[PDB]
Amino acid sequence: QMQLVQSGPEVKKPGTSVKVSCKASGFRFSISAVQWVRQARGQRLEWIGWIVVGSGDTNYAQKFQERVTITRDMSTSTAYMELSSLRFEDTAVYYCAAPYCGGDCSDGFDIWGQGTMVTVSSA
Amino acid sequence: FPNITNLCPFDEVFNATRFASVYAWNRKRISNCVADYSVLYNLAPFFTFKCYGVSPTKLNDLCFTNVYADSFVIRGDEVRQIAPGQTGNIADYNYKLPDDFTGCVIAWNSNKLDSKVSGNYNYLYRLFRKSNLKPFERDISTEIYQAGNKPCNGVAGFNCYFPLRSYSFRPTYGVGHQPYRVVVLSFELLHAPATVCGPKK
Amino acid sequence: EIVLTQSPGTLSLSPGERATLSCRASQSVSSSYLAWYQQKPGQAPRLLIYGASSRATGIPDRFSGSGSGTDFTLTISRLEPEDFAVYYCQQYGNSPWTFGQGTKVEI
């Protein structure tokens, strides 16, 4: 098991959309499920949504219902999250979590990415 | 040669209104026949015809026993896994042939029957299973898969998934994702008294 | 929606003492789905206890965890100088899955 590799920092402008990729290697990715988390600077963690890798079913919160889309690619073994209609409040660090699941899943999200920072600015 | 003369159904197998889904395939026993295989030689431009142990040009020259024909429908460029001795997503949890086979693997790419144009959610296939199947074994139970050490009370949650999934055939995906009616037909050579024989005086 | 209240707000124990934390829940949640995470400054969180009773792999026996129903507690026997971080508790029994406020442990 190795912590999922995550994309690099992004600087966007209000109005457009951004995409974050989470690549998984070192464990059996065909059974695990991937959840996405947002955190501001020095604030509590926030929940965005989770996806089943095999079935593809997605679940989101009632706030991110019509802004985020979570998909995955089995051949590349990656999980993508697209966030549209960026605002000033969307600048934060995003984390990707999955359980170390080989022959049996680990019953907990004990694999975490390093986090990707997105800044929605205008300068 | 036996004196039986009645024809037996090769028209209720190849010409059927609805094939069974792959996860629960349908098996039919053929016996007491004057069996001629020349009727299915043309039968639209076959995508596959491989008989694995007997030349198809000489099939109405032999007497078999307990012929069994079973049929289902496949997604598309996936009938490659129906050959014996190779694994895959559908050869592990849905349908598996033995290492020694004596039958043909006819399949003929139907798209004017199994593609609605709208939403087609009546062709399912297993996706999750603890272990691989066994040659010529059918699994039919629909129970919540449990990928963990925590018991599941019967609802979908974390690592408590569902095994079945639909195909959703559309008349746009091309050839890779396009329904394939498949019929395999296994017979055992003369060890017991013969019941199915070709046409000969 | 399930709302988690984490107490106390801030802990000020000198190293070598006993630390307690609570993650009270608004409604009943299955004991099989609850996790405690540790968050160092400028680092990704890591999973300490999952299932409210079982520690994760490669974790010292100092962290115990207990509780069921609507009251879950975490207990640290001796405070190593590296056990001063922010502790979160997350339930993933029924959607949506909600984190906690966070508890800070100081010197």
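What you see of chain B is 329-529, where the numbers are those given in Swiss-Prot.
Per the header of the entry, the method used was electron microscopy, 3.4 Å.
Positions of Cβ are set from backbone N, Cα and C atoms, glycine also.
As recorded in Swiss-Prot, the features of this protein are as follows:
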- B:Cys336-B:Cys361: disulfide bond (DISULFID)
- B:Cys379-B:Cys432: disulfide bond (DISULFID)
- B:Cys391-B:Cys525: disulfide bond (DISULFID)
- B:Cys480-B:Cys488: disulfide bond (DISULFID)
- B:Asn331: N-linked glycosylation site (CARBOHYD)
- B:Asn343: N-linked glycosylation site (CARBOHYD)
- B:448-456: region 'Immunodominant HLA epitope recognized by the CD8+' (REGION)
**Asked** Looking only at DSSP and grouping its letters into three states, which state does B:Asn343 (N-linked glycosylation site) belong to?
**Response** coil
**Prompt:** Which residues of the same chain, at least 6 past either end of the region 'Immunodominant HLA epitope recognized by the CD8+' (B:448-456), have a Cβ under 8 Å from a Cβ in it?
**Reply:** 349-351, 401, 403, 418, 421-422, 442, 467, 473, 475, 489-498, 507
**Prompt:** According to DSSP, which kind of secondary structure is B:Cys480 (disulfide bond) found in, if we only use helix, strand and coil?
**Reply:** coil
**Request:** Can you grab the distance from B:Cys432 (disulfide bond) over to B:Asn343 (N-linked glycosylation site)? Cα atoms, rounded to a whole Å.
**Result:** 17
**DSSP-derived class (H/G/I helix, E/B strand, else coil) of B:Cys391 (disulfide bond)** = strand
**Message:** Cβ neighbours within 10 Å, counted over all protein chains: which one of the glycosylation sites B:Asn331, B:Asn343 has the most?
**Reply:** B:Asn343
**Prompt:** Since the record lists B:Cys336, B:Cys432 as disulfide-bonded residues, which of them has the fewest other Cβ atoms within 10 Å of its Cβ?
**Reply:** B:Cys336
**Message:** If you compare CA-to-CA distances from B:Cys525 (disulfide bond) to each of the recorded positions B:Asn331, B:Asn343, B:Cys361, B:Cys379, B:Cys480, which comes out shortest?
**Reply:** B:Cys361
**Fill in**
Rounded Cα distance, in Å, between B:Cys488 (disulfide bond) and B:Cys361 (disulfide bond) is 49
**Request:** Fill in the CA-CA distance, B:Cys379 (disulfide bond) to B:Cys361 (disulfide bond), as an integer in Å.
**Result:** 20
**Complete:** For B:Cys391 (disulfide bond), the nonlocal same-chain Cβ neighbours (under 8 Å, six or more residues apart) come out as B:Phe329, B:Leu518, B:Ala522, B:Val524, B:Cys525, B:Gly526
**Asked** If H, G and I count as helix, E and B as strand, and all else as coil, what does DSSP give for B:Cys488 (disulfide bond)?
**Response** coil
